[PDB]
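Below: the structure, in structure tokens.
Positions of Cβ are generated from backbone atoms using ideal geometry, with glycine treated the same way; all protein chains shown enter the neighbour counts. Bear in mind that the values in this text are calculations on the coordinates, not laboratory data.
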Amino acid sequence: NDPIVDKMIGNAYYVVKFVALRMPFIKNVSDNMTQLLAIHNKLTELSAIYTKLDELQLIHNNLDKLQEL
Amino acid sequence: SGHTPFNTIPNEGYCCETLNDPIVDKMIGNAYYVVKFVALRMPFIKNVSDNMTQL
Amino acid sequence: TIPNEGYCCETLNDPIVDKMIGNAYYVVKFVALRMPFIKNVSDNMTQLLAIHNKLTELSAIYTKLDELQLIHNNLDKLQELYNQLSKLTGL
Amino acid sequence: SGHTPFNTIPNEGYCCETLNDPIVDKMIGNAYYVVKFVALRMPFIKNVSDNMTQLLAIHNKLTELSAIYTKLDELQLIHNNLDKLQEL
Amino acid sequence: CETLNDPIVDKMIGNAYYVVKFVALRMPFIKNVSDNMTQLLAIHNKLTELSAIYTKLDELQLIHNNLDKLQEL
Amino acid sequence: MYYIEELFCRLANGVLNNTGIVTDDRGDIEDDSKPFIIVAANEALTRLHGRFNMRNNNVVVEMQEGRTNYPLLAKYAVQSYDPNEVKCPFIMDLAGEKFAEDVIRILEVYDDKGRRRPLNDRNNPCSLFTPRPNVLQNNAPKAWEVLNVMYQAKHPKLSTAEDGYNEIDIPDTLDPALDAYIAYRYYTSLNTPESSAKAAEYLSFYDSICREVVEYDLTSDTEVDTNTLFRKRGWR
Amino acid sequence: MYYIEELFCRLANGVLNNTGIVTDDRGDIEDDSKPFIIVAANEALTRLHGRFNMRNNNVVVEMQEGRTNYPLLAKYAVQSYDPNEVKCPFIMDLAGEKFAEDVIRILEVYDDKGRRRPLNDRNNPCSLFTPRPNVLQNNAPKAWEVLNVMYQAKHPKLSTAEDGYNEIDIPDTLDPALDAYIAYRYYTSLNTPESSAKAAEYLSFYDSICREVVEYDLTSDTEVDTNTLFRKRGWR
Amino acid sequence: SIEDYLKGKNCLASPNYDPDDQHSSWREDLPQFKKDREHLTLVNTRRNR
Amino acid sequence: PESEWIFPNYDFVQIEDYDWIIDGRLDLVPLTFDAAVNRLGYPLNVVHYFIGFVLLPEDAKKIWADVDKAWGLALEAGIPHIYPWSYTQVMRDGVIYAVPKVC
């Protein structure tokens, strides 16, 4: 009927084919649930470190080198 | 009084269609909603996968 | 290009679809789904009629809320034992 | 027999009419009267909705307005005489 | 053949369907009214007080801050 | 339209009068034998509604993206589904009419746009099939597609449980057939030579009444329509 | 679609009411007499499903390299195979149901590419044969070849063993036929002359009900399709 | 047993083969080793022993 | 007191769940095996299980069917030792074990 809305081969088959052609991405994500969950656990700490990225480093080697020098 | 799912291209009248839905119902049944759930949000999955090494 | 239009996705808070006005069933189910709003309006029609009658007064009062905000604060001092003011006029 | 409600546009013999009432009866049966009751008095609803800003604000200062109303008789207090006396 | 009869009262699409479409095309007004019933109920409750204040709206202002200053003056 | 207590009192005061089922005052049936009468009544109503085609009813079915088979069962009705078992229903009901499944035969199926859909046509690609008498098939579901099913229906189930249907909808010419069927069942169940002879009489009375009603066409079962093939074939 | 308990209750109330199988309160069949009723019910369901063509089912068979005969059993189904005995199953039940062994007759077989495969045609080299009523042959298995088999089906077995099928799915007009067949079986097994006469009565009732259902076509058994040979033969 | 299908090799070529039991596709045989549990049932007490 | 009743303290365990079987819920029965193996940290080598309770002998059939289902689940889990609850109830109700009929 509607050209944009309705797919000629079939709506469900079109969605299934679309998912099938993009399987490697889903596989790569799914192999690593544990790692992504661990990353999600510590998101607040990572954000806090990001807010302090420009400062708080100051080439930390220079900090004790200054006492040495 | 039944249509075989593998009877695609039944177009003796050559309407246009292919009728590929019955196979989807026959194999992926009651779990199509998960497939559509994933299919709608593929850009986010693709972006996450592209940065996998860094993560 | 995945399609998301369907009767399942629609909820009672969604707006109308301009494309599907011609479809009689769509309009009928549109009205049928949102009967709580119509019932709420119908149950309280006397209140709405009274508010409509008193609309002009409310209209007038809206321009003057800012002044009444200060006047309300001043009222407590404004009491001032109003009977004393006749004597103050006398003196 | 019976007539299928979705069999609208059966007008093969002559062009007139579409027969859309059965769908209304099927889907919104017994509740059409409330719909008509609201529809008849729609101008009042439109007028009230058009002023849902002012009428909205007043709902906010209602207690203050009541407190002011409690002293309406006293709020005039014949200001002219004591104003003239204070001008001295 | 044709049973429409008077065009002023009888609609081709249908009387009930015409009313239903009339309500449907104008739903936002009904939704806006219905969302706030608890608020318009209080205004109905205090209509008498609002009408009483309306009568004294014309007077009773008198640039009231001037009256306060005059009392202070 | 009459209650089921009227049916019980008609049986207590008609056939089954001399039997031991009825109470001492012969005004109603004892509490022990009501389920048997209910079963017999449901059987008789199904028989009559199968024979005579007196009720014609309707169902509205909405189409989902991944479904081709749409069984006409109360599990998928909006008023009666289980939210955890079924994610989304597709049979539209009302709070008053809850769609007790009473589908005997499907006559017509019409699209939401007003065009008729061929049913059980093998050589037509755009047709609907019924694998089972209460199941539909559409092999190409589409967005915003809704179907109306016009079907022959049977009488709703009598239950007498304060939620079932008390009433009986039957033309007044078919009451003796229902009573005769109930009496036939009851008299066969006794397992004695005389009761079987009485039951044969009652069954024959049922058949003769049904044949008479067909003979005089009291239910207006015969239907005739105007001829439209004269114009379609090119005649003048 | 009622469970087996509803069948037991309906029997306890209807026919077999006067017999000694039923419990004292007339609520349900006694425990020791349930297998008899189960066997009779299975036989009746097989009879009806053979007669009427009510159920049409489907199955998918994948082709292995060295196998030519593909028996349609539950041993080779995905949901039911034993990993130790059968290394690879060729009947796919991925979506739902379990494929109970219910093959009565095979009607159509379609290739995975959408082309029909002739059945039991000696003079056509590319045909499929059935040495046994449920066994299927293809004499030239190929890689990436799958066949879809459309067959007439019978009602799945009822067992009441905490894993079998409790539910009964039968058209509502055919309940008295099933009950009559069960009553016939019981009264025949009684081995007395009066019970023999009652069994004859019940069997005749079963036949008459089936013939009436055929007369009024309540199961929509008759099928008519659009003509296609008008164009093939070259007519204009 | 769909889970067994997913987590399985499911390769036809295998090195195991019993010469004592060699058959074509025609032969169908139920195993002699029936597998059946034992359940609890109350004694009838109507069937006098 | 959870701390005291942990595996190193006591050699083996004996577990009882009568309420589930009597009510017949039977869906939360698998929880007891998981609790024994993990929450109390007891090896599957030494676990003892008591099944069922039949008071008021007019309710024998339903409770004994529930006992059958519970024994099936326990056998699926793999418990070494299993006990019917009492000698009195077993001899009073005449419980025997037999292979089900095939029909």
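Sort the following peptides by mean Cβ neighbour count (other Cβ atoms within 10 Å, averaged over residues), highest first: F:188-199, H:15-26.
F:188-199, H:15-26
Using a Förster distance of 30 Å, how high is the FRET efficiency between residue I:9 and residue I:73, based on the Cβ-Cβ distance and rounded to 0.05?
Values: r = 28 Å, r/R0 = 0.93.
That pair, residue I:9 with residue I:73, gives E of 0.60.
Give me the dipole magnitude in Debye, nearest 20, for the protein assembly as shown about the Cα centre, with unit charges on the beta carbon: positive for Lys and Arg, negative for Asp and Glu.
Around 3700 debye, computed over the protein assembly as shown.
Ranking B:10, B:43, B:20 by how far each Cα lies toward the positive end of the dipole of chain B (charges on Cβ) leaves B:43 at the top.
If you take the square roots of the eigenvalues of the alpha-carbon gyration tensor of the range G:164-226 and sort them as a ≥ b ≥ c, do you get rounded (a/c under 1.5), prolate (a/b over b/c) or oblate? Oblate shape, in that a/c is at least 1.5 and b/c is the bigger or equal ratio. For the range A:48-61, the Karplus equation 6.51 cos²θ - 1.76 cosθ + 1.60, evaluated at θ = phi - 60°, returns couplings of 4, 5, 5, 4, 9, 6, 5, 8, 6, 9, 6, 6, 3, 5 Hz by residue, with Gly and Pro reported as x.
Per DSSP helix of 4 or more residues, -39500 (n - 2.57); summed, then divided by the residues of chain D. What does that give at 222 nm, rounded to the nearest 500?
-14000 deg cm²/dmol
Taken as entire DSSP H runs, the helices of chain F that both span 24 Å or more between Cα atoms along their own long axis and average -0.5 or more on the Kyte-Doolittle scale are F:34-52, F:193-216. Between residue F:215 and residue G:211, the FRET efficiency estimated from the beta carbon spacing at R0 = 25 angstrom works out to 0.75. Judged by the mean number of other Cβ atoms found within 10 Å, the most tightly packed of the peptides G:36-45, G:131-140 leads the ranking G:36-45, G:131-140. Of all beta bridges that DSSP places with both ends in the protein assembly as shown, some 75 percent have antiparallel geometry. The spacing between the range E:15-41 and the range I:36-103, judged by their C-alpha centroids, is 64 Å. With label points set 7 Å from Cα along Cα→Cβ, the inter-copy distances at residue G:132 are 2.8 nm, sorted shortest first. Excluding same-chain neighbours fewer than eight residues apart, the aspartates and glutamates reachable from residue G:142 by a Cα-Cα span under 14 Å are G:62, G:65, G:111, G:112.
Label zone of residue F:163 (point 7 Å out along Cα→Cβ, amide N under 14 Å): in the range F:9-48 this covers no residue at all.
For peptide E:8-18, the mean count of partner chain Cβ atoms within 10 Å of a residue's Cβ comes to 5.
Ordered by the count of other Cβ atoms within 10 Å of each Cβ, fewest first, G:68, F:23 give F:23, G:68. Quick one: if the Förster radius is 51 Å, what FRET efficiency do residue C:17 and residue H:30 give, using the C-beta to C-beta distance and rounding to 0.05? Computed FRET efficiency for residue C:17 and residue H:30 comes out at 0.25. Backbone N atoms of the range G:1-44 closer than 17 Å to the 7 Å Cα→Cβ label point of residue I:26 belong to residues G:3-6.
Across the options G:131, G:118, G:152, the greatest Cα extent toward the positive end of the charge dipole of chain G (unit charges at beta carbon of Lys, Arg, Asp, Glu) belongs to G:118. Every helix of 4 or more DSSP H residues in chain G counts as -39500 (n - 2.57), and over all residues that averages to -10000 deg cm²/dmol at 222 nm. Peptides D:73-85, A:30-42, G:83-95, I:7-19 ranked from most to least packed by the mean count of surrounding Cβ atoms within 10 Å: G:83-95, D:73-85, I:7-19, A:30-42. Taking Cα centroids, how far is the range F:7-30 from the range G:178-208 in Å? Comparing the Cα centres of the range F:7-30 and the range G:178-208, I get a distance of 29 Å. Centre-to-centre separation between the Cα atoms of chain H and those of the range B:15-30: 35 Å. Checking the Cα-Cα distances for C:77/D:61; C:29/F:113; G:34/G:198; D:84/E:56; C:29/F:87; F:34/F:157 against a 18 Å cut-off, the pairs over it are C:77/D:61; G:34/G:198; D:84/E:56; C:29/F:87.
With a cap of 10 neighbouring Cβ atoms within 10 Å, and only residues DSSP puts in a loop, list the GluC sites (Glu not before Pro) found in the range G:199-236.
G:223
Among the residues of F:124-135, the average count of other protein chain beta-carbon atoms within 10 Å of the residue beta-carbon is 6. If only the Cβ of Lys and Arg carry +1 and only the Cβ of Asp and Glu carry -1, the dipole of the range F:152-195 around its Cα centre is close to 260 debye. With bins 10 Å wide beginning at 0, the percent of Cα pairs of chain E falling in each bin runs 14, 18, 18, 18, 15, 9, 6, 3, 1.
Ordered from longest to shortest, the equivalent ellipsoid semi-axes for the protein assembly as shown are 65, 46, 38 Å, each the square root of 5 times a Cα gyration tensor eigenvalue. Residue by residue along E:50-63, Cβ atoms of other protein chains within 10 Å of the local Cβ number 5 on average.
Based on Cα atoms of chain B, Rg over Rh with Rh as the Kirkwood radius reads 1.25. Ellipsoid fit via the Cα gyration tensor, the range G:49-138: semi-axes of 22, 18, 13 Å, each the root of five times an eigenvalue, largest first. Taking the Cα centre of chain C as reference, the dipole from Cβ charges on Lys and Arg (+1) and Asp and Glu (-1) amounts to some 220 debye.
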